[PDB]
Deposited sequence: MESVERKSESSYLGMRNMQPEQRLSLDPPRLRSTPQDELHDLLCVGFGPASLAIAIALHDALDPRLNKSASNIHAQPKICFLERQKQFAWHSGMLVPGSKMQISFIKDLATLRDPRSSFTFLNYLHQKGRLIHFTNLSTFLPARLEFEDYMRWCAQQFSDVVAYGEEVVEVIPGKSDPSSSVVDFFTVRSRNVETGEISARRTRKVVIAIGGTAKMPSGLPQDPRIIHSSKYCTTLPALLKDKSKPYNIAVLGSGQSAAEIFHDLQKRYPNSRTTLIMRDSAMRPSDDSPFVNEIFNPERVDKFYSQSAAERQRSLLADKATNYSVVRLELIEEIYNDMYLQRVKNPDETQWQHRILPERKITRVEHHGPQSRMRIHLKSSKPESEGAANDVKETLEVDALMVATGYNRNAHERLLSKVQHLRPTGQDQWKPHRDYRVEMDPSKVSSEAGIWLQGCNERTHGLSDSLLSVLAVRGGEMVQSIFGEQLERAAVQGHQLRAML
């Protein structure tokens, strides 16, 4: 079963916004549902669904700005894009390794946690097989309701408009159903001024070398935050700029270890989504807070220990902490950034993070590892907001990820699904790779179920 491209002017069955892991999992699940080898009823399928994926990136990439050398996956390779739904799938990580002549070699490592670089290539290899149905260099700018009968009051399709990233021309594609799977945006502290020397972690590998071109120069470089991203950048900087002075600034008193214990981590199981979803708003908010240390503002223990050991090595060489080349400043917040000075160094003013004073740093660059927001789907959906039930000022995704729309305004064949931004309703596993294989399988059934039943 090879998915063929649909002409731009034809009515699509599905239009996915984004082609990151979440969308890729849906594409794979669709391939597998139409594979007569994997699914018996697939022989009876006559027509290929008309499908298209829109991705703003020029080609498949997985958080390329954070592909720090030596950087490792944080989940078992078994939770790849296909295995948890079907180990027989040709899209498993193990089958990818086999296709590359690397299976025996990966096995000899005895590791569940491949390099981020390797796992990106696996997903890239997966993504390449859907090149006929993916349009790269397309940034979706809006989703617009359409009525096949304009004189009526019922919406039965959607228009998706995207801007070509190279040339800036706007194209439209019409579809019965939309999936929005666009991940998250860089989250910056509101207090920080805009400056080329102030860069979010997500652009670390991509944009910092352009700013600090000489690797041997004695720069002063600061890192803000204490999550995984901060730890990785802080650690890497010591290798990438050997003569640099680095400072880690955090409002917490310490880097804290991620919770990887097996009982707690069962919250990430695919079957647990039903259980999480069915809870009340108060119980869900309570559960997410209670299990926060699995995912947010936490560092893998092994990395913490490495950094800590480097700190002690500095202590051996020099007992005076103020003289260390690489330093951690706990329980601090940035009150002022001076960035209009003649010199190439900004002046960062610090105070105690403690509730109701401190030093100053001269830095060539500030890396801001302050996490992400997942609200970008809102802007894409503003023109379809009036289709929601009257008075409801927020999108409400059902268990199957389809947003609630007023039944009398929107036809049953038309719909919009959200992926990767539903943590509040679906649990901590929603933004991760943990349930993507199973969720992909669910999504295909939700969207293409009518066609798949006919063949079944």
Stretches with no C-alpha position, numbering per deposited sequence from 1: 1-28, 385-391, 492-501
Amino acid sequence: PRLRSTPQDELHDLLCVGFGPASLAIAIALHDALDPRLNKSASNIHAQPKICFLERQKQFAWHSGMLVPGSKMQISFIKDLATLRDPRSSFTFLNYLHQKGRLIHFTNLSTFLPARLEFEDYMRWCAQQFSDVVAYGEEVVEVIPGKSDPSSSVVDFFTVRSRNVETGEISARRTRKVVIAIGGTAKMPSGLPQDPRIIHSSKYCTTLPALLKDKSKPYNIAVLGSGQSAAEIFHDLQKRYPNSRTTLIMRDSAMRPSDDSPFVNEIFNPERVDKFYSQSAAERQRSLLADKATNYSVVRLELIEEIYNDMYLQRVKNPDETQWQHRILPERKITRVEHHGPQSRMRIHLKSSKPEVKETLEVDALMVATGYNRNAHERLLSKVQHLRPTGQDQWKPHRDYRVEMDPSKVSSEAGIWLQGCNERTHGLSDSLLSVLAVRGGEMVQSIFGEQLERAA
From here on, numbers count along this sequence of modelled residues.
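Superpose the two forms; the largest set of C-alphas matching within 1.5 Å is the rigid core.
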Farther-lying stretch by C-alpha RMS in 6 other deposited structures of this protein (rigid core fit) among 104-112, 337-345: 337-345
At least a third of other PDB entries omit residue 45: yes
Gap at residue 142 across at least one third of the other PDB entries: no
Higher-B stretch (mean Cα B-factor, as the entry records it), 42-50 or 385-393: 42-50
Residue range whose averaged C-alpha B-factor is higher in the record, 33-41 or 407-415: 33-41
Maximum C-alpha temperature factor, selected from 88, 300, 235, 354: 354
Deposited CA B-factor, highest of 176, 347, 326, 105: 347
Where the record places residue 270 (Cα B-factor, split into thirds across the chain): middle
Entry-reported Cα temperature factor of residue 378, expressed as the chain third it lands in: highest
Chain thirds of CA B-factor: placement of residue 192: highest
Third of the chain, ranked by Cα B-factor, where residue 219 sits: highest
Residue 79 by Cα B-factor - lowest, middle or highest third of the modelled chain: lowest
